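*Asks:* Residue numbers (the authors' numbering), protein chains in the order written: chain M, 1 to 302; chain H, 8 to 251; chain L, 1 to 281. Note that the Cβ used here is the ideal one computed from N, Cα and C, for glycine as well.
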Amino acid sequence: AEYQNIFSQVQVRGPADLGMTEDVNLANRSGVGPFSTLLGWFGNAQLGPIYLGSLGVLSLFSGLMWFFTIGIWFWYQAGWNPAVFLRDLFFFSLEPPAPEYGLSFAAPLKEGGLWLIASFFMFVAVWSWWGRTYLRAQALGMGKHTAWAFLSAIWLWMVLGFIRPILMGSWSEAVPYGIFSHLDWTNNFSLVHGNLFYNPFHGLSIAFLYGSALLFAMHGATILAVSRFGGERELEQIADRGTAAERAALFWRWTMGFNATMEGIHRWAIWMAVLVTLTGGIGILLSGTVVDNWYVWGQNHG
Amino acid sequence: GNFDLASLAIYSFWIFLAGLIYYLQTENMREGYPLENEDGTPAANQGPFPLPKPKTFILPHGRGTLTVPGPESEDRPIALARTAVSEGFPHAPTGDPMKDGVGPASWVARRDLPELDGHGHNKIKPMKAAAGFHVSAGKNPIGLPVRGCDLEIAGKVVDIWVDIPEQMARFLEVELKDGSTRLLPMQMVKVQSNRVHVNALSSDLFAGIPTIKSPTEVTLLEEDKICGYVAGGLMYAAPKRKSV
Amino acid sequence: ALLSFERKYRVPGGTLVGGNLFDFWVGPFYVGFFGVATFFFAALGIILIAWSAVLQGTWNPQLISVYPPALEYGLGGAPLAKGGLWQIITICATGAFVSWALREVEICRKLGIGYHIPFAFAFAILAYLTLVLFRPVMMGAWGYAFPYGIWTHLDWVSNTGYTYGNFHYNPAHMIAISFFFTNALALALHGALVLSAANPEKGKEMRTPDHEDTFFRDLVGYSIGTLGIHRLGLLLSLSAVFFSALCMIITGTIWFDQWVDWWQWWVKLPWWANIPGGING
Ligand code: BCL
Ligand code: BCL
Ligand code: BCL
Ligand SMILES: CC[C@H]1c2cc3[nH]c4c(c3C)C(=O)[C@H](C(=O)OC)c4c3nc(cc4[nH]c(cc(n2)[C@@H]1C)c(C(C)=O)c4C)[C@@H](C)[C@@H]3CCC(=O)OC/C=C(\C)CCC[C@H](C)CCC[C@H](C)CCCC(C)C
Ligand SMILES: CC[C@H]1c2cc3[nH]c4c(c3C)C(=O)[C@H](C(=O)OC)c4c3nc(cc4[nH]c(cc(n2)[C@@H]1C)c(C(C)=O)c4C)[C@@H](C)[C@@H]3CCC(=O)OC/C=C(\C)CCC[C@H](C)CCC[C@H](C)CCCC(C)C
Ligand SMILES: CCCCCCCCCCCCCCCC(=O)OC[C@H](COP(=O)(O)OCC[N+](C)(C)C)OC(=O)CCCC[C@H](Br)[C@@H](Br)CCCCCCCCCCC
Ligand SMILES: CCCCCCCCCCCC[N+](C)(C)[O-]
Ligand SMILES: CCCCCCCCCCCC[N+](C)(C)[O-]
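(1) Leaving out five residues on either side along the sequence, give the residues of the same chain with a beta carbon under 7 angstroms from the beta carbon of L/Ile-88.
(2) Work out the CA separation of L/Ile-175 and M/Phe-67 for me, nearest whole Å.
(3) Pairs of beta-carbons, one from the region 176–183 of chain M and one from the region 156–164 of chain M, closer than 8 angstroms: are there three or more?
(4) State buried or exposed for M/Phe-105, treating a residue as buried only when at least 16 other CB atoms are found within 10 Å of its CB.
(5) For ligand 2, is there any heavy atom lying closer than 7 angstroms to the beta carbon of M/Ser-205?
(6) What did DSSP end up calling M/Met-262 once you bin it into helix, strand or coil?
(7) Suppose the cutoff is 8 angstroms on Cβ atoms and the five residues either side in sequence are ignored; what does the same chain contact list for H/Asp-119 look like?
(8) So, using beta-carbon positions, are H/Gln-53 and H/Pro-41 closer together than 8 angstroms?
(9) Can you find a CB in chain H that lies within less than 8 angstroms of the CB of M/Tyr-3?
(10) For a test of your reading of the model: does the CB of H/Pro-104 fall under 7 angstroms from any non-hydrogen atom of ligand 8? Yes or no.
(11) Unbroken alpha helix (DSSP H) runs of length 4 or more, entirely within the region 175–204 of chain M: which are they?
(12) Would you list, in chain order, the members of the region 89–101 of chain H that have their beta-carbon closer than 9 angstroms to a beta-carbon of chain L?
(13) Please determine whether the Cβ atom of L/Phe-146 lies at a distance below 7 angstroms from any heavy atom of ligand 4.
(14) Exposed or buried, M/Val-24, counting other C-beta atoms within 10 Å across all chains shown (16 or more means buried)?
(15) Assign H/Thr-33 to one of three DSSP states: helix, strand, or coil.
(16) Does any CB atom of chain M fall closer than 8 angstroms to the CB of H/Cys-234?
(17) Alpha carbon to alpha carbon, how far is M/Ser-172 from M/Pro-99? Give it in angstroms, no decimals.
(18) Return no unless some Cβ of chain L is closer than 8 angstroms to the Cβ of H/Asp-185.
(19) Grab me the residues of L/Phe-24's own chain with a C-beta within less than 6 angstroms of its C-beta, minus the 5 sequence neighbours each way, in chain order.
(20) List the whole-angstrom C-beta distance separating L/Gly-161 from L/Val-260, where the pair is believed to meet the contact cut-off of C-beta under 8 angstroms.
(21) Taking 7 angstroms as the cut-off, is the CB of L/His-211 close to at least one heavy atom of ligand 2?
(22) Using a cut-off of 8 angstroms between C-beta atoms, extract the partners of M/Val-192 located in chain L.
(23) Any heavy atom of ligand 4 closer than 7 angstroms to the Cβ of L/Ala-176?
(24) Would you say the beta carbon of L/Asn-183 is closer than 7 angstroms to some non-hydrogen atom of ligand 2?
(25) Am I right that M/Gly-19 and L/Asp-213 are in contact with their C-beta atoms under 8 angstroms? What's the rounded C-beta distance?
(26) By DSSP, does M/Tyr-134 sit in helix, in strand, or in coil?
(27) Give the residues of chain H in contact with L/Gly-14, contact being defined as C-beta atoms less than 7 angstroms apart.
(28) Report the rounded CA-to-CA distance for M/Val-274 versus M/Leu-215, giving the unit in angstroms.
(29) Taking 8 angstroms as the threshold (C-beta atoms), are M/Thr-243 and H/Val-115 in contact?
(30) In the DSSP assignment, what residue or residues form a beta bridge with L/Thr-251?
(31) Relative to the C-alpha of residue 303 of chain M, which residue among M/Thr-186, M/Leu-196, M/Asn-5 is closest?
(32) Under 7 angstroms Cβ-Cβ, which residues of chain H neighbour M/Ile-282?
(33) Which word fits M/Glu-111, buried or exposed, when buried means at least 16 other C-beta atoms lie within 10 angstroms of its C-beta?
(34) So which residues on chain M does L/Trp-272 lean against when the C-beta distance must stay under 8 angstroms?
(35) Would you say H/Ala-176 faces chain M, with C-beta separation under 8 angstroms as the test?
(36) Is it the case that the Cβ atoms of H/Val-181 and H/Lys-197 are separated by a distance below 8 angstroms?
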């Protein structure tokens, strides 16, 4: 049996890598955390350090408050009983205000107010985390592709929770905080909009979600297949093409008649992924604002 | 369509996706193109996508730049010759494909310098010269005899060459019968409790693994020759590969 | 035509069947025995579909649909007009996909690379085979497979789902969804990371993989590393498909009631089954 390079055979360790400095404020980095021989079979063993400036502290804190707020509601739904809390965990739901309250903040806590509070905290957690993705790139002199890519995921979430509810005229159109309750919401959303399978944007979203699995299976398999020539060292293969990059192109050329480059495969990649949520968010935004029924729309537009 | 916003959006999306695919395909032609005939001259049919405008990567540590697309050239002789009077057939090695580095023994004429890390230090070092590095988990190979696919011992492991910044094992340095050493890609060995087995090469082929000119570093060019050569043995040592 | 660097790799050898009989290219494409097998199966496949179109009375590809044999047929054969064509087209499909996987293996051998691609691909084939072969076999009729049509197969997905209530409640399906969304997350991140190093702020030098670890460590406190991430993407996406295969192979066979009701096993565990309050008491 050939070694497949899915797991490492021998792990080596050296002094904690404290990382590159460039323009990063070092006062805000922790020390390294522990090393995990367990992780080390598959990826890097080193945990930490992490950078925690003021925007990070804000984002975590806010994210925790969002989790506090849902959790307190759940515990309350459970009658403060840990048996019941564990039993019914997936059935608990923090639900937005009723249609009657429109876009107001006038709803009681047990009946909308807590949902707004939670959504408030989440909004602060995500956007400041967004800013963190930009600002950490900037400090290292790197491109902003990550922040741009994260923005496409933020898009779908913003549409679901904020933009579309606002355009529809009420918070009751937003998604409840609950495991089962949010699955029910999604099903109901499709039923009530004439079946999302007839939304061309939903179809496109599926093409990209499936395509992302196709693409990363292709790519990760390809790089591992050429790891015996240093294939995973992609930046240097970009700078100075090696036989790893040439065998990888030629596998694909010979199979399907065209191929990528070591840099270019990363552009196919970033786009295949990002278009999941770009098209997805368009599909949802248009639903109930402009198209009440995708079956109906489908019959008049192709 | 089209006095309807959803129709305008979906029509617009298709136009955008066509432009995006065009852009992505042209970005992917920064290497290898223009397409060539088998004699190395420019092919007549380049396809319907044109070459993009060049971009320039500024390389770190005074290593200069790479501008692509630019003039493609192998910068090395290719010991192969045609086996047919028309296009599309294999090209037969004219000598020993492992020595000549063709076929799955192929190597590229990368820089003859080592890959540098973030601080300008050699990325890959023998663990003996790598301050603080040690095996942390797994069977330690240093000391194990190395077996080829002819079931014969070709030598002994004398070090692991490690990637410092990624804290990973990249080669085993293997001492041959004459006292010189070679590097074997870690991806091409099987560390076993009492040996390291190398399926790709029979014992007699170890001498011919391309050597490194300085014993404490390996250049990008040298990695390519070593990795090429070892991979090439799957095909070219097949007659010496006893069934397993 | 060839890529500038291609000629050196177009050597004889690596074929699994036929020696040198099919060891050649057509333009960019390697042929091999499995190239000829793939062409044969695809071509017969497409011709049978085209003929099924004729029997349906359409040539529109948003309308052309090849349905399997009705459930009354069981696991026997059906007339060509009435399920037979579907059955032969499925055999051609399977022959094409497997032939394509084996052609990929021949290409790997010629190039001296690992076999990870065709191995990955075999998970897709298995997912396909679950839906058209294993699951229908285990449910006792080809009628349970999906029809081959652009929209008709979407109807099959919806009708099949709603047979078990909201299909969201399939727990293997929740895992599969999770791997799909996580895989798309890893794909965005990986592409963006490498491009952010390869394409730094204007005027600056390309960054290094050390910059890529630093970025991720600064950001979330961990970097999986460049070998890591390719291992991850392969695991995430193959896991997504494995759980997909799993979530359907069990539906209609070991579980066939409403998926929401499956979760009752947990709720009714005796230590909390009867404790009042909560949603379920
Ligand atoms: C996987 C679970 C369900 C299913 C659920 C869904 C849902 C839900 C959706 C699709 C959608 C699609 N599915 Mg389906 N689909 C299934 C099985 C398949 C099979 C198969 C042989 O097993 C095929 C070929 C397809 C093909 C397709 C495409 C028509 C469409 C876009 C997919 C895509 O981009 O994927 C990722 C792959 C790529 C990006 C690579 C390119 C693939 C191209 C587009 C495939 C062309 C197929 C061609 C039209 C089929 C005929 C072949 C010819 C005769 C040669 N599906 C099973 C039954 N599929 C979407 C749609 O828009 O439907 C109208 C959609 O919303
Ligand atoms: C019965 C159910 C309906 C249906 C109803 C819906 C609805 C409703 C929606 C989708 C949407 C989607 N559906 Mg559908 N869908 C159905 C049938 C299908 C089928 C199928 C095989 O049958 C498939 C494959 C899909 C697939 C898809 C996806 C392509 C798409 C979601 C993309 C994504 O990445 O979202 C996941 C990504 C996000 C949600 C982005 C989140 C980003 C934020 C910023 C993350 C914050 C995290 C927070 C801080 C907590 C983190 C804690 C951490 C531990 C730190 N659907 C049927 C027809 N579907 C979505 C869409 O775009 O539709 C057009 C959508 O809204
Ligand atoms: C009303 C509908 C139900 C529902 C009912 C179902 C049903 C029913 C099924 C799924 C399946 C899936 N659903 Mg569900 N699902 C729903 C809601 C969702 C949502 C959502 C956000 O709400 C999501 C994200 C998903 C997600 C998923 C995936 C986990 C899985 C689909 C991928 C797959 O199987 O790939 C596997 C990939 C393949 C089969 C592709 C095979 C490709 C072959 C090998 C290659 C073909 C080559 C081609 C012909 C070449 C063409 C020529 C060239 C292009 C030139 N579902 C709703 C609640 N879902 C499916 C599943 O698990 O299937 C196993 C399934 O059957
Ligand atoms: C483009 C399409 C896809 C995509 C892309 C994408 N997502 C992204 C990005 C990108 C490019 C990021 O850069 C960003 C990221 O950081 O990734 C690492 C992100 C992100 N995608 C995320 C999730 C996510 N993405 C999803 C989807 C997708 N993301 C799409 C498939 C999904 C779903 C639903 O499918 C989820 C759940 C987050 C991991 C991350 C954004 C993080 C964020 O906004 O966080 C704010 C919330 C918090 C900070 C709360 C933190 C809570 C901690 C668990 C607490 C830890 C502290 C400790 C417990 C206590 C310490 C103190 C004690 C005293 C208490
Ligand atoms: C396992 C993880 C994921 C994955 C991986 C994957 N797919 C792969 C590979 C890998 C690793 C390849 O190497 C191979 C490839 O070459 O990609 C370019 C492939 C491939 N994945 C493909 C498609 C594909 N993959 C998908 C999914 C996935 N692929 C997973 C999510 C999907 C869907 C629906 O999600 C599709 C549509 C092809 C591009 C390619 C395989 C090409 C191939 O087999 O070609 C030979 C066959 C033909 C040329 C035509 C056959 C014609 C038939 C005889 C008739 C048609 C019958 C068919 C059943 C009708 C379907 C009608 C639909 C409307 C339902
Ligand atoms: C993508 C984000 C996911 C959600 C956002 C949150 C993810 C990060 C969570 C942060 C949790 C960190 C915990 C608090 C930080 C901390 O105090 O760590 C302390 C310790 C000790 O150091 P000191 O406290 O001594 O340093 C003090 C400073 N000096 C020395 C200068 C005085 O340091 C550490 O342990 C840092 C290790 C943090 C490791 C974090 Br929890 C890693 Br393992 C989380 C990995 C999660 C992966 C992210 C999910 C991403 C999903 C998609 C792809 C990424
Ligand atoms: C998801 C669809 C992806 C298909 C991309 C189509 C690209 C075809 C490229 C053909 C060009 C090959 N050529 C002649 C430039 O070498
Ligand atoms: C395994 C997938 C399909 C298996 C199909 C088995 C039956 C063969 C199809 C032939 C049907 C036509 N006829 C007239 C011969 O019955």
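*Replies:* Reading from the atomic positions:
(1) Taking C-beta separations shorter than 7 angstroms and ignoring five residues to either side along the sequence, the partners of L/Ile-88 in its chain run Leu-48, following chain order.
(2) Rounded to whole angstroms, M/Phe-67 to L/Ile-175 spans 22 angstroms at the Cα level.
(3) Taking a contact to require three or more Cβ pairs closer than 8 angstroms, the region 176–183 of chain M and the region 156–164 of chain M do not qualify as touching.
(4) The C-beta of M/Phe-105 has fewer than 16 other C-beta atoms within 10 Å across all chains shown, which makes the residue exposed.
(5) Within 7 angstroms of the C-beta of M/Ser-205 there is at least one heavy atom belonging to ligand 2.
(6) Coil, per DSSP.
(7) Closer than 8 angstroms at Cβ, skipping near neighbours: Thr-226, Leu-227, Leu-228, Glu-229.
(8) Going by beta carbons, H/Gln-53 and H/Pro-41 fall inside the 8 angstroms limit.
(9) It does; some Cβ of chain H falls within 8 angstroms.
(10) No, Cβ of H/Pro-104 sits at least 7 angstroms from all heavy atoms of ligand 8.
(11) Qualifying alpha helix (DSSP H) stretches, in chain order: 179–192.
(12) Taking 9 angstroms as the cut-off between beta carbons, the residues of the region 89–101 of chain H near chain L are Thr-90, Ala-91, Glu-94, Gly-95, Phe-96, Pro-97, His-98, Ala-99, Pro-100, in sequence order.
(13) No, ligand 4 has no heavy atom inside 7 angstroms of this Cβ.
(14) It is buried - the Cβ of M/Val-24 has at least 16 other Cβ atoms within 10 Å.
(15) The DSSP-derived three-state label of H/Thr-33 is helix.
(16) Yes, H/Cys-234 lies at the interface with chain M (some Cβ there is under 8 angstroms from its Cβ).
(17) The alpha-carbon atoms of M/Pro-99 and M/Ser-172 are separated by roughly 5 angstroms.
(18) Contact of H/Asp-185 with chain L is not assigned, every C-beta pair being separated by 8 angstroms or more.
(19) Counting only Cβ-Cβ distances below 6 angstroms, and skipping sequence neighbours, we find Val-31.
(20) Taking a contact as a CB-CB distance under 8 angstroms, the pair L/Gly-161 and L/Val-260 does not count as one, their CB atoms being some 12 angstroms apart.
(21) No heavy atom of ligand 2 is found nearer than 7 angstroms to the CB of L/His-211.
(22) Neighbours of M/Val-192 in chain L, taken as residues whose beta carbon is under 8 angstroms from its own, are absent, since the nearest beta carbon is some 14 angstroms off.
(23) A distance criterion of 7 angstroms places the beta-carbon of L/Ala-176 beyond contact range of ligand 4, judged by its closest non-hydrogen atom.
(24) No - ligand 2 has no heavy atom lying nearer than 7 angstroms to the Cβ of L/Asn-183.
(25) Taking the Cβ atoms as the reference, M/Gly-19 lies roughly 6 angstroms from L/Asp-213, within the contact range of under 8 angstroms.
(26) M/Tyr-134 falls in the helix class under three-state DSSP.
(27) Taking the beta carbon of L/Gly-14 as reference, the chain H residues within 7 angstroms of it are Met-242, listed in sequence order.
(28) Distance between the alpha carbons of M/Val-274 and M/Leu-215: 13 angstroms.
(29) Judged by their CB atoms, H/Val-115 and M/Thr-243 are nearer to each other than the 8 angstroms cut-off.
(30) Its beta-bridge partners are L/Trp-255.
(31) Residue 303 of chain M is absent from the model: chain M starts at 1 and stops at 302.
(32) Under the 7 angstroms cutoff, chain H gives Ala-16.
(33) Per the 10 Å Cβ criterion, exposed.
(34) Within 8 angstroms Cβ-Cβ: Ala-83, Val-84, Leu-86, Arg-87.
(35) So yes, H/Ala-176 belongs to the interface.
(36) No, the Cβ-Cβ distance between H/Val-181 and H/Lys-197 is not below 8 angstroms.
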